[PDB]
Amino acid sequence: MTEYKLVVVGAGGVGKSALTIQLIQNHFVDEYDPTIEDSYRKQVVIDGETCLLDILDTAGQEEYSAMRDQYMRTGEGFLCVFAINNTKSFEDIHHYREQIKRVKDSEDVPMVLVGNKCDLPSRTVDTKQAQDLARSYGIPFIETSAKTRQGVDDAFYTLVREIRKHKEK
Ligand SMILES: Nc1nc2c(ncn2[C@@H]2O[C@H](COP(=O)(O)OP(=O)(O)O)[C@@H](O)[C@H]2O)c(=O)[nH]1
Ligand SMILES: [Mg+2]
């Protein structure tokens, strides 16, 4: 077993908690306090190898920004989540990509771009815009719904594969 630190980032309300709780507890939680930051463990086998995932469901500002920097430094891979009906949340991805690279002082940081809430109407962020951005970063892009579970396992397990690829470089 190897333990991997995964960090779920994105604007408030994009579905970080709903995605994480789906993976951990296998249900859609409608209401989970937006101000709670917590971490969860889950063991899974990926490509024949047993992994312990230590997943941080972030909630934004910290008491001290030094704490944010620390979880970015210890985080091995990042799920960068936006909501497909919230253009601002998508534009914020530029900032997350920049910031994480800055804190880690690295050009090569495992990440997956996640466009969540794909079951909702009135999309404002086109799939193509997001695929273009992910391509520009060299990272995977997956659309998800924490409600239906579309893409949820794929997103987390793809991130583990990205972390492994980075480590085996
Ligand atoms: N319909 C739908 N609602 C979602 C989805 N993901 C999150 N939500 C809702 O969006 C709101 C914000 O979700 P939450 O997980 O608290 O977002 P966070 O602030 O990023 O942790 C909540 O009302 C959730 O019920 C999704 O994929 N589909
Ligand atoms: Mg939350």
# chains A, B, ... in the order shown; residues from 1 in each chain; ligands from 1

call {"tool": "residues_near_ligand", "arguments": {"ligand": "ligand 1", "cutoff": "10 Å", "atoms": "only C-alpha atoms and all ligand atoms", "output": "PyMOL selection string"}}
result
chain A and resi 8-22+28-37+57-60+81-84+89+115-121+143-152

call {"tool": "write_last_selection", "arguments": {"atoms": "C-alpha atoms", "output": "PDB file, in the first residue's frame"}}
result
ATOM      1  CA  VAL A   8      -9.683  19.039  -4.229  1.00  0.00           C
ATOM      2  CA  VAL A   9      -9.647  22.780  -5.081  1.00  0.00           C
ATOM      3  CA  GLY A  10     -12.076  25.191  -6.771  1.00  0.00           C
ATOM      4  CA  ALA A  11     -14.376  28.098  -6.082  1.00  0.00           C
ATOM      5  CA  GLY A  12     -16.963  27.886  -3.371  1.00  0.00           C
ATOM      6  CA  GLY A  13     -20.066  26.053  -4.499  1.00  0.00           C
ATOM      7  CA  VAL A  14     -18.576  24.089  -7.416  1.00  0.00           C
ATOM      8  CA  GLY A  15     -19.146  20.729  -5.672  1.00  0.00           C
ATOM      9  CA  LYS A  16     -15.851  19.828  -4.013  1.00  0.00           C
ATOM     10  CA  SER A  17     -17.587  18.398  -0.963  1.00  0.00           C
ATOM     11  CA  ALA A  18     -20.316  16.640  -2.931  1.00  0.00           C
ATOM     12  CA  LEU A  19     -17.717  14.975  -5.154  1.00  0.00           C
ATOM     13  CA  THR A  20     -15.556  13.913  -2.233  1.00  0.00           C
ATOM     14  CA  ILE A  21     -18.458  12.538  -0.187  1.00  0.00           C
ATOM     15  CA  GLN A  22     -19.702  10.582  -3.214  1.00  0.00           C
ATOM     16  CA  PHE A  28     -25.051  12.644  -2.787  1.00  0.00           C
ATOM     17  CA  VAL A  29     -25.067  15.092   0.072  1.00  0.00           C
ATOM     18  CA  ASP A  30     -27.288  18.038  -0.754  1.00  0.00           C
ATOM     19  CA  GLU A  31     -26.197  20.276   2.105  1.00  0.00           C
ATOM     20  CA  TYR A  32     -22.680  20.120   3.580  1.00  0.00           C
ATOM     21  CA  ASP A  33     -21.449  23.292   5.266  1.00  0.00           C
ATOM     22  CA  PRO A  34     -19.391  25.273   2.706  1.00  0.00           C
ATOM     23  CA  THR A  35     -17.008  26.426   5.404  1.00  0.00           C
ATOM     24  CA  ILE A  36     -15.816  22.966   6.500  1.00  0.00           C
ATOM     25  CA  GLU A  37     -12.431  21.729   5.308  1.00  0.00           C
ATOM     26  CA  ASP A  57     -11.694  18.681   0.585  1.00  0.00           C
ATOM     27  CA  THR A  58     -10.605  22.314   0.679  1.00  0.00           C
ATOM     28  CA  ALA A  59     -12.813  25.236   1.689  1.00  0.00           C
ATOM     29  CA  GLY A  60     -10.830  28.285   0.582  1.00  0.00           C
ATOM     30  CA  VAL A  81     -13.050  21.695 -10.004  1.00  0.00           C
ATOM     31  CA  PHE A  82     -15.315  24.223 -11.689  1.00  0.00           C
ATOM     32  CA  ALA A  83     -19.075  24.098 -12.268  1.00  0.00           C
ATOM     33  CA  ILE A  84     -20.292  24.054 -15.868  1.00  0.00           C
ATOM     34  CA  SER A  89     -15.491  29.261 -11.367  1.00  0.00           C
ATOM     35  CA  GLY A 115     -16.274  20.291 -14.882  1.00  0.00           C
ATOM     36  CA  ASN A 116     -18.918  19.411 -12.328  1.00  0.00           C
ATOM     37  CA  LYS A 117     -22.728  19.748 -12.213  1.00  0.00           C
ATOM     38  CA  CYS A 118     -23.104  18.304 -15.697  1.00  0.00           C
ATOM     39  CA  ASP A 119     -26.670  17.246 -14.856  1.00  0.00           C
ATOM     40  CA  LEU A 120     -27.799  20.881 -14.423  1.00  0.00           C
ATOM     41  CA  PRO A 121     -29.396  23.063 -17.104  1.00  0.00           C
ATOM     42  CA  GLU A 143     -17.099  16.244 -16.773  1.00  0.00           C
ATOM     43  CA  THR A 144     -18.826  15.012 -13.645  1.00  0.00           C
ATOM     44  CA  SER A 145     -22.027  15.032 -11.706  1.00  0.00           C
ATOM     45  CA  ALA A 146     -21.830  14.468  -7.985  1.00  0.00           C
ATOM     46  CA  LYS A 147     -25.568  13.838  -8.154  1.00  0.00           C
ATOM     47  CA  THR A 148     -25.624  11.004 -10.721  1.00  0.00           C
ATOM     48  CA  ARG A 149     -21.988   9.945 -10.112  1.00  0.00           C
ATOM     49  CA  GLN A 150     -21.130  10.449 -13.786  1.00  0.00           C
ATOM     50  CA  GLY A 151     -17.343  10.722 -14.023  1.00  0.00           C
ATOM     51  CA  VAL A 152     -16.716  10.837 -10.277  1.00  0.00           C
TER      52      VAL A 152
END

call {"tool": "select_by_dssp", "arguments": {"residues": "stretch 30-100 of chain A", "states": "strand (DSSP E or B)", "output": "PyMOL selection string"}}
result
chain A and resi 38-46+49-57+77-83

call {"tool": "closest_residue", "arguments": {"among": "A:125, A:44, A:72, A:79", "to": "residue A:104", "atoms": "only C-alpha atoms"}}
result
A:72

call {"tool": "closest_residue", "arguments": {"among": "A:39, A:2, A:74, A:106", "to": "ligand 2", "atoms": "only C-alpha atoms and all ligand atoms"}}
result
A:39

call {"tool": "closest_residue", "arguments": {"among": "A:165, A:24, A:3, A:56", "to": "ligand 2", "atoms": "only C-alpha atoms and all ligand atoms"}}
result
A:56

call {"tool": "closest_residue", "arguments": {"among": "A:124, A:129, A:70, A:87", "to": "residue A:100", "atoms": "only C-alpha atoms"}}
result
A:70

call {"tool": "select_by_dssp", "arguments": {"residues": "stretch 27-129 of chain A", "states": "alpha helix (DSSP H)", "output": "short mmCIF file (atom, residue, chain, number, x, y, z; two decimals) with N, CA, C and O atoms, in the first residue's frame"}}
result
data_model
loop_
_atom_site.label_atom_id
_atom_site.label_comp_id
_atom_site.auth_asym_id
_atom_site.auth_seq_id
_atom_site.Cartn_x
_atom_site.Cartn_y
_atom_site.Cartn_z
N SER A 65 -2.42 32.03 5.51
CA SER A 65 -2.14 31.53 4.16
C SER A 65 -0.99 30.52 4.17
O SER A 65 -0.91 29.70 3.27
N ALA A 66 -0.12 30.55 5.18
CA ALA A 66 0.94 29.57 5.28
C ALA A 66 0.38 28.15 5.30
O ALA A 66 1.05 27.22 4.85
N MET A 67 -0.82 27.97 5.84
CA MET A 67 -1.47 26.67 5.90
C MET A 67 -1.90 26.20 4.51
O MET A 67 -1.86 25.01 4.21
N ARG A 68 -2.35 27.13 3.68
CA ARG A 68 -2.69 26.81 2.31
C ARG A 68 -1.42 26.35 1.60
O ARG A 68 -1.41 25.33 0.90
N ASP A 69 -0.34 27.11 1.74
CA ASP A 69 0.91 26.75 1.08
C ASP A 69 1.35 25.35 1.50
O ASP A 69 1.81 24.57 0.67
N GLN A 70 1.19 25.03 2.78
CA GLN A 70 1.63 23.72 3.25
C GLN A 70 0.84 22.60 2.59
O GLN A 70 1.44 21.62 2.14
N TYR A 71 -0.48 22.71 2.49
CA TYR A 71 -1.20 21.61 1.85
C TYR A 71 -0.95 21.54 0.35
O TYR A 71 -1.07 20.47 -0.24
N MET A 72 -0.57 22.65 -0.26
CA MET A 72 -0.16 22.60 -1.65
C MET A 72 1.21 21.93 -1.81
O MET A 72 1.41 21.15 -2.71
N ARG A 73 2.12 22.20 -0.89
CA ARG A 73 3.41 21.56 -0.92
C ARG A 73 3.31 20.05 -0.69
O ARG A 73 3.99 19.26 -1.37
N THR A 74 2.50 19.62 0.27
CA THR A 74 2.41 18.19 0.55
C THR A 74 1.48 17.48 -0.42
O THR A 74 1.57 16.27 -0.58
N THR A 87 -19.25 30.51 -15.00
CA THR A 87 -18.08 30.94 -15.76
C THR A 87 -16.96 31.45 -14.87
O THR A 87 -15.79 31.16 -15.11
N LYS A 88 -17.32 32.16 -13.82
CA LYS A 88 -16.33 32.65 -12.88
C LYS A 88 -15.52 31.50 -12.29
O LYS A 88 -14.31 31.59 -12.16
N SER A 89 -16.20 30.41 -11.94
CA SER A 89 -15.49 29.26 -11.37
C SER A 89 -14.50 28.66 -12.35
O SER A 89 -13.44 28.14 -11.96
N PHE A 90 -14.86 28.70 -13.64
CA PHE A 90 -13.95 28.25 -14.68
C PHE A 90 -12.74 29.21 -14.82
O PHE A 90 -11.59 28.80 -14.91
N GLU A 91 -13.02 30.50 -14.86
CA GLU A 91 -11.93 31.45 -14.96
C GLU A 91 -10.98 31.36 -13.77
O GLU A 91 -9.79 31.58 -13.91
N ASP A 92 -11.51 30.99 -12.61
CA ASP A 92 -10.67 30.83 -11.44
C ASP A 92 -9.63 29.71 -11.63
O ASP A 92 -8.64 29.68 -10.89
N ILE A 93 -9.87 28.77 -12.53
CA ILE A 93 -8.93 27.70 -12.76
C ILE A 93 -7.53 28.25 -13.14
O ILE A 93 -6.53 27.68 -12.74
N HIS A 94 -7.50 29.34 -13.91
CA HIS A 94 -6.22 29.93 -14.26
C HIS A 94 -5.41 30.25 -13.00
O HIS A 94 -4.20 30.01 -12.94
N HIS A 95 -6.10 30.83 -12.02
CA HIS A 95 -5.49 31.17 -10.75
C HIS A 95 -5.03 29.93 -9.97
O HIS A 95 -3.92 29.92 -9.43
N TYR A 96 -5.89 28.90 -9.89
CA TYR A 96 -5.45 27.70 -9.19
C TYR A 96 -4.22 27.06 -9.83
O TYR A 96 -3.31 26.61 -9.13
N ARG A 97 -4.19 26.98 -11.15
CA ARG A 97 -3.07 26.38 -11.85
C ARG A 97 -1.80 27.16 -11.54
O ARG A 97 -0.75 26.59 -11.16
N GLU A 98 -1.85 28.48 -11.69
CA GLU A 98 -0.73 29.34 -11.37
C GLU A 98 -0.29 29.20 -9.91
O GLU A 98 0.90 29.05 -9.62
N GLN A 99 -1.23 29.27 -8.98
CA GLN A 99 -0.89 29.32 -7.58
C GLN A 99 -0.22 28.02 -7.12
O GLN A 99 0.74 28.02 -6.36
N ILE A 100 -0.78 26.89 -7.53
CA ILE A 100 -0.24 25.62 -7.09
C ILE A 100 1.17 25.46 -7.65
O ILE A 100 2.08 25.02 -6.96
N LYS A 101 1.37 25.82 -8.91
CA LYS A 101 2.70 25.74 -9.50
C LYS A 101 3.66 26.65 -8.76
O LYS A 101 4.81 26.29 -8.52
N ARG A 102 3.19 27.82 -8.37
CA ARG A 102 4.03 28.76 -7.62
C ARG A 102 4.44 28.24 -6.27
O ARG A 102 5.59 28.32 -5.90
N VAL A 103 3.50 27.73 -5.50
CA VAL A 103 3.80 27.21 -4.17
C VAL A 103 4.76 26.03 -4.26
O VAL A 103 5.68 25.93 -3.45
N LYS A 104 4.53 25.12 -5.20
CA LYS A 104 5.37 23.93 -5.37
C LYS A 104 6.66 24.24 -6.15
O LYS A 104 7.53 23.39 -6.27
N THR A 127 -17.93 22.57 -23.10
CA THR A 127 -17.02 21.46 -22.94
C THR A 127 -15.72 21.76 -23.69
O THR A 127 -14.62 21.50 -23.18
N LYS A 128 -15.85 22.32 -24.88
CA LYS A 128 -14.68 22.61 -25.69
C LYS A 128 -13.71 23.61 -25.03
O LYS A 128 -12.49 23.45 -25.11
N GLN A 129 -14.25 24.67 -24.40
CA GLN A 129 -13.41 25.65 -23.71
C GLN A 129 -12.57 24.94 -22.66
O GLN A 129 -11.39 25.25 -22.47
#

call {"tool": "atom_distance", "arguments": {"atom1": "atom CA of residue A:166", "atom2": "atom CA of residue A:4"}}
result
12.3 Å

call {"tool": "residues_around", "arguments": {"residues": "residue A:51", "least_positions_apart": "2", "cutoff": "10 Å", "atoms": "only C-alpha atoms", "output": "number ranges by chain"}}
result
A: 1-4, 42-46, 48-49, 53-54, 160

call {"tool": "closest_residue", "arguments": {"among": "A:139, A:23, A:55, A:130", "to": "residue A:158", "atoms": "only C-alpha atoms"}}
result
A:139

call {"tool": "atom_distance", "arguments": {"atom1": "atom CA of residue A:25", "atom2": "atom CA of residue A:123"}}
result
27.6 Å

call {"tool": "atom_distance", "arguments": {"atom1": "atom CA of residue A:131", "atom2": "atom CA of residue A:114"}}
result
10.0 Å

call {"tool": "residues_around", "arguments": {"residues": "residue A:137", "least_positions_apart": "5", "cutoff": "10 Å", "atoms": "only C-alpha atoms", "output": "PyMOL selection string"}}
result
chain A and resi 97+107-109+111-113+131-132

call {"tool": "write_last_selection", "arguments": {"atoms": "N, CA, C and O atoms", "output": "mmCIF file, in the first residue's frame"}}
result
data_model
loop_
_atom_site.group_PDB
_atom_site.id
_atom_site.type_symbol
_atom_site.label_atom_id
_atom_site.label_comp_id
_atom_site.auth_asym_id
_atom_site.auth_seq_id
_atom_site.Cartn_x
_atom_site.Cartn_y
_atom_site.Cartn_z
ATOM 1 N N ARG A 97 -4.188 26.976 -11.151
ATOM 2 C CA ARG A 97 -3.068 26.381 -11.848
ATOM 3 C C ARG A 97 -1.795 27.161 -11.537
ATOM 4 O O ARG A 97 -0.755 26.593 -11.163
ATOM 5 N N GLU A 107 6.906 23.190 -12.675
ATOM 6 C CA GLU A 107 6.132 23.187 -13.910
ATOM 7 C C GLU A 107 5.333 21.902 -14.096
ATOM 8 O O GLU A 107 4.425 21.848 -14.930
ATOM 9 N N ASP A 108 5.653 20.870 -13.328
ATOM 10 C CA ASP A 108 5.041 19.561 -13.534
ATOM 11 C C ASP A 108 4.274 19.163 -12.297
ATOM 12 O O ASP A 108 4.837 18.600 -11.374
ATOM 13 N N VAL A 109 2.988 19.490 -12.267
ATOM 14 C CA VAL A 109 2.158 19.179 -11.107
ATOM 15 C C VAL A 109 0.951 18.354 -11.551
ATOM 16 O O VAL A 109 0.136 18.829 -12.340
ATOM 17 N N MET A 111 -2.510 17.047 -12.066
ATOM 18 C CA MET A 111 -3.799 17.667 -11.926
ATOM 19 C C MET A 111 -4.783 17.026 -12.898
ATOM 20 O O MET A 111 -4.417 16.513 -13.929
ATOM 21 N N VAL A 112 -6.054 17.090 -12.539
ATOM 22 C CA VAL A 112 -7.160 16.782 -13.435
ATOM 23 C C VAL A 112 -8.139 17.927 -13.342
ATOM 24 O O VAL A 112 -8.493 18.382 -12.246
ATOM 25 N N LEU A 113 -8.592 18.401 -14.495
ATOM 26 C CA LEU A 113 -9.610 19.418 -14.558
ATOM 27 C C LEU A 113 -10.985 18.760 -14.585
ATOM 28 O O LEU A 113 -11.246 17.874 -15.386
ATOM 29 N N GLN A 131 -11.848 21.630 -22.430
ATOM 30 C CA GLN A 131 -10.891 20.706 -23.041
ATOM 31 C C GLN A 131 -9.680 21.478 -23.547
ATOM 32 O O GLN A 131 -8.553 21.019 -23.396
ATOM 33 N N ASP A 132 -9.913 22.644 -24.140
ATOM 34 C CA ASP A 132 -8.817 23.491 -24.644
ATOM 35 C C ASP A 132 -7.892 23.890 -23.497
ATOM 36 O O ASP A 132 -6.668 23.859 -23.626
#

call {"tool": "closest_residue", "arguments": {"among": "A:26, A:78, A:140, A:40", "to": "residue A:153", "atoms": "only C-alpha atoms"}}
result
A:26

call {"tool": "decode", "arguments": {"residues": "stretch 39-64 of chain A", "atoms": "N, CA, C and O atoms", "output": "PDB file, in the first residue's frame"}}
result
ATOM      1  N   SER A  39     -10.488  16.070   5.655  1.00  0.00           N
ATOM      2  CA  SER A  39      -9.828  15.073   4.826  1.00  0.00           C
ATOM      3  C   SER A  39     -10.364  13.697   5.126  1.00  0.00           C
ATOM      4  O   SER A  39     -10.880  13.449   6.215  1.00  0.00           O
ATOM      5  N   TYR A  40     -10.245  12.813   4.145  1.00  0.00           N
ATOM      6  CA  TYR A  40     -10.795  11.465   4.209  1.00  0.00           C
ATOM      7  C   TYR A  40      -9.785  10.480   3.650  1.00  0.00           C
ATOM      8  O   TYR A  40      -9.049  10.817   2.744  1.00  0.00           O
ATOM      9  N   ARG A  41      -9.776   9.254   4.160  1.00  0.00           N
ATOM     10  CA  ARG A  41      -8.974   8.165   3.588  1.00  0.00           C
ATOM     11  C   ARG A  41      -9.862   7.144   2.847  1.00  0.00           C
ATOM     12  O   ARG A  41     -10.994   6.876   3.248  1.00  0.00           O
ATOM     13  N   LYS A  42      -9.352   6.612   1.745  1.00  0.00           N
ATOM     14  CA  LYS A  42     -10.017   5.520   1.054  1.00  0.00           C
ATOM     15  C   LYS A  42      -8.970   4.658   0.396  1.00  0.00           C
ATOM     16  O   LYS A  42      -8.076   5.168  -0.270  1.00  0.00           O
ATOM     17  N   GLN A  43      -9.093   3.342   0.570  1.00  0.00           N
ATOM     18  CA  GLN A  43      -8.186   2.407  -0.089  1.00  0.00           C
ATOM     19  C   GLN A  43      -8.816   1.904  -1.374  1.00  0.00           C
ATOM     20  O   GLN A  43      -9.984   1.538  -1.388  1.00  0.00           O
ATOM     21  N   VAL A  44      -8.042   1.891  -2.454  1.00  0.00           N
ATOM     22  CA  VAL A  44      -8.523   1.392  -3.736  1.00  0.00           C
ATOM     23  C   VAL A  44      -7.374   0.725  -4.489  1.00  0.00           C
ATOM     24  O   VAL A  44      -6.211   0.991  -4.214  1.00  0.00           O
ATOM     25  N   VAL A  45      -7.697  -0.154  -5.426  1.00  0.00           N
ATOM     26  CA  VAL A  45      -6.674  -0.780  -6.249  1.00  0.00           C
ATOM     27  C   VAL A  45      -6.800  -0.183  -7.630  1.00  0.00           C
ATOM     28  O   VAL A  45      -7.892  -0.150  -8.205  1.00  0.00           O
ATOM     29  N   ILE A  46      -5.691   0.318  -8.147  1.00  0.00           N
ATOM     30  CA  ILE A  46      -5.685   0.925  -9.463  1.00  0.00           C
ATOM     31  C   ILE A  46      -4.564   0.292 -10.270  1.00  0.00           C
ATOM     32  O   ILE A  46      -3.404   0.305  -9.850  1.00  0.00           O
ATOM     33  N   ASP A  47      -4.933  -0.299 -11.405  1.00  0.00           N
ATOM     34  CA  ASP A  47      -3.972  -0.909 -12.312  1.00  0.00           C
ATOM     35  C   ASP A  47      -3.149  -1.946 -11.578  1.00  0.00           C
ATOM     36  O   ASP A  47      -1.946  -2.077 -11.791  1.00  0.00           O
ATOM     37  N   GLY A  48      -3.818  -2.675 -10.697  1.00  0.00           N
ATOM     38  CA  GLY A  48      -3.207  -3.784 -10.000  1.00  0.00           C
ATOM     39  C   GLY A  48      -2.475  -3.398  -8.732  1.00  0.00           C
ATOM     40  O   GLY A  48      -1.988  -4.272  -8.023  1.00  0.00           O
ATOM     41  N   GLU A  49      -2.393  -2.107  -8.426  1.00  0.00           N
ATOM     42  CA  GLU A  49      -1.642  -1.674  -7.255  1.00  0.00           C
ATOM     43  C   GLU A  49      -2.515  -0.954  -6.218  1.00  0.00           C
ATOM     44  O   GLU A  49      -3.279  -0.038  -6.538  1.00  0.00           O
ATOM     45  N   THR A  50      -2.395  -1.390  -4.968  1.00  0.00           N
ATOM     46  CA  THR A  50      -3.222  -0.891  -3.869  1.00  0.00           C
ATOM     47  C   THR A  50      -2.757   0.487  -3.385  1.00  0.00           C
ATOM     48  O   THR A  50      -1.583   0.688  -3.064  1.00  0.00           O
ATOM     49  N   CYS A  51      -3.697   1.430  -3.340  1.00  0.00           N
ATOM     50  CA  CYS A  51      -3.412   2.832  -3.009  1.00  0.00           C
ATOM     51  C   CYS A  51      -4.254   3.214  -1.801  1.00  0.00           C
ATOM     52  O   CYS A  51      -5.387   2.763  -1.689  1.00  0.00           O
ATOM     53  N   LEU A  52      -3.686   4.003  -0.885  1.00  0.00           N
ATOM     54  CA  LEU A  52      -4.456   4.659   0.178  1.00  0.00           C
ATOM     55  C   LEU A  52      -4.554   6.128  -0.191  1.00  0.00           C
ATOM     56  O   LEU A  52      -3.552   6.820  -0.226  1.00  0.00           O
ATOM     57  N   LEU A  53      -5.750   6.603  -0.496  1.00  0.00           N
ATOM     58  CA  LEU A  53      -5.916   7.987  -0.884  1.00  0.00           C
ATOM     59  C   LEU A  53      -6.246   8.825   0.337  1.00  0.00           C
ATOM     60  O   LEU A  53      -7.155   8.509   1.090  1.00  0.00           O
ATOM     61  N   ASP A  54      -5.493   9.901   0.509  1.00  0.00           N
ATOM     62  CA  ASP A  54      -5.715  10.873   1.580  1.00  0.00           C
ATOM     63  C   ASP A  54      -6.194  12.131   0.896  1.00  0.00           C
ATOM     64  O   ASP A  54      -5.411  12.826   0.273  1.00  0.00           O
ATOM     65  N   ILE A  55      -7.498  12.356   0.943  1.00  0.00           N
ATOM     66  CA  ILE A  55      -8.136  13.375   0.113  1.00  0.00           C
ATOM     67  C   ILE A  55      -8.549  14.568   0.965  1.00  0.00           C
ATOM     68  O   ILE A  55      -9.333  14.425   1.890  1.00  0.00           O
ATOM     69  N   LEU A  56      -8.018  15.741   0.631  1.00  0.00           N
ATOM     70  CA  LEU A  56      -8.368  16.982   1.309  1.00  0.00           C
ATOM     71  C   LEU A  56      -9.435  17.730   0.515  1.00  0.00           C
ATOM     72  O   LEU A  56      -9.221  18.105  -0.642  1.00  0.00           O
ATOM     73  N   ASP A  57     -10.592  17.904   1.142  1.00  0.00           N
ATOM     74  CA  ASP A  57     -11.694  18.681   0.585  1.00  0.00           C
ATOM     75  C   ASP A  57     -11.534  20.125   1.075  1.00  0.00           C
ATOM     76  O   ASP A  57     -11.876  20.458   2.216  1.00  0.00           O
ATOM     77  N   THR A  58     -10.934  20.963   0.243  1.00  0.00           N
ATOM     78  CA  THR A  58     -10.605  22.314   0.679  1.00  0.00           C
ATOM     79  C   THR A  58     -11.836  23.208   0.767  1.00  0.00           C
ATOM     80  O   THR A  58     -12.865  22.941   0.132  1.00  0.00           O
ATOM     81  N   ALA A  59     -11.723  24.295   1.543  1.00  0.00           N
ATOM     82  CA  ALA A  59     -12.813  25.236   1.689  1.00  0.00           C
ATOM     83  C   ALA A  59     -12.397  26.699   1.510  1.00  0.00           C
ATOM     84  O   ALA A  59     -13.160  27.603   1.846  1.00  0.00           O
ATOM     85  N   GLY A  60     -11.217  26.934   0.959  1.00  0.00           N
ATOM     86  CA  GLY A  60     -10.830  28.285   0.582  1.00  0.00           C
ATOM     87  C   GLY A  60      -9.838  28.902   1.547  1.00  0.00           C
ATOM     88  O   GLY A  60      -8.818  28.298   1.878  1.00  0.00           O
ATOM     89  N   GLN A  61     -10.148  30.104   2.015  1.00  0.00           N
ATOM     90  CA  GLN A  61      -9.202  30.803   2.875  1.00  0.00           C
ATOM     91  C   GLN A  61      -8.883  29.964   4.097  1.00  0.00           C
ATOM     92  O   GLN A  61      -9.738  29.269   4.607  1.00  0.00           O
ATOM     93  N   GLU A  62      -7.650  30.056   4.563  1.00  0.00           N
ATOM     94  CA  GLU A  62      -7.227  29.473   5.826  1.00  0.00           C
ATOM     95  C   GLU A  62      -7.031  30.554   6.870  1.00  0.00           C
ATOM     96  O   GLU A  62      -6.919  31.738   6.525  1.00  0.00           O
ATOM     97  N   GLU A  63      -6.979  30.146   8.135  1.00  0.00           N
ATOM     98  CA  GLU A  63      -6.642  31.057   9.221  1.00  0.00           C
ATOM     99  C   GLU A  63      -5.372  31.841   8.831  1.00  0.00           C
ATOM    100  O   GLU A  63      -5.310  33.066   9.003  1.00  0.00           O
ATOM    101  N   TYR A  64      -4.341  31.130   8.358  1.00  0.00           N
ATOM    102  CA  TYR A  64      -3.103  31.734   7.845  1.00  0.00           C
ATOM    103  C   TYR A  64      -2.801  31.178   6.462  1.00  0.00           C
ATOM    104  O   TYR A  64      -2.867  29.957   6.264  1.00  0.00           O
TER     105      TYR A  64
END
